[PDB]
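# Descriptive structure summary
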Amino acid sequence: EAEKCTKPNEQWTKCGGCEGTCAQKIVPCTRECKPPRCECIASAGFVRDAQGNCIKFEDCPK
């Protein structure tokens, strides 16, 4: 159904765009939703590392 991606975290999303962080599960964004494509998923629990890297919330720094 939803052709998963190769690397973890980066998964299929019908609405990409912005995401969450290790400090804001949901970041404000006047945008709407990027086209369907492999990307991060906040509604799941993935955050973006300062290095612009989508990783689980547990994979957060210390």
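Residues numbered from 1 in each chain as written, not as in the entry; some residues may be left out. Heavy atoms only, no water.

You'll find the protein entered in the PDB entry as ASCARIS TRYPSIN INHIBITOR, with Ascaris suum given as the organism. Per the PDB record, the entry is named "HIGH-RESOLUTION STRUCTURE OF ASCARIS TRYPSIN INHIBITOR IN SOLUTION: DIRECT EVIDENCE FOR A PH INDUCED CONFORMATIONAL TRANSITION IN THE REACTIVE SITE". Listed under Subcellular location in UniProt, the entry text for the protein is "Secreted". Taken directly from UniProt, the Sequence similarities text for the protein runs: "Belongs to the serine protease inhibitor-like (TIL domain-containing) family." (UniProt positions renumbered as here; feature names shortened; annotations may be inferred.)

Right, let's talk about the state of the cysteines for a bit. Under the defined criterion, the tally for this structure stands at five disulfides. Note that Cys-18 is cross-linked by a disulfide to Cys-29, the S-S spacing being 2.0 Å. Taking the torsion about the sulfur-sulfur bond, which here is approximately -115°, the covalent link between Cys-18 and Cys-29 counts as left-handed. Of this pair, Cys-18 sits in the loop between β1 (11-13) and β2 (37-39) while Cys-29 sits in the loop between β1 and β2, placing them 11 residues apart in sequence. You can call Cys-18 partly exposed: its relative accessible area is 25%. (Disulfide = S-S within 2.5 Å. Helix = DSSP H or I, 4+ residues; strand = E, 2+ residues; numbered from the N terminus. Buried < 20%, exposed > 50% of the residue type's maximum accessible area, 1.4 Å probe, protein only.)

Another aspect to go through is the UniProt feature "domain: TIL" in the protein. If you check UniProt for "domain: TIL", the listed places come out as residues 5-60 in our numbering. As annotated, residues 5-60 comprises 0% helix and 25% strand, and the C-alpha atoms at either end are separated by 21 Å.

Our next topic: the UniProt feature "disulfide bond" in the protein. At 2.0 Å between sulfur atoms, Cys-15 and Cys-33 form the disulfide that UniProt records. Taken together, the residues span a long stretch of sequence, with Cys-15 in the loop between β1 and β2 and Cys-33 in the loop between β1 and β2 at a distance of 18 residues. A relative accessible area of 35% means that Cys-15 is categorised as partly exposed. Of the disulfides listed in UniProt, the one joining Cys-22 and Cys-60 is reproduced in the coordinates: its sulfurs are separated by 2.0 Å, less than 2.5 Å. Of the two residues, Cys-22 is situated in the loop between β1 and β2 and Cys-60 in the segment after β4 (53-56); the sequence distance between them amounts to 38 residues.

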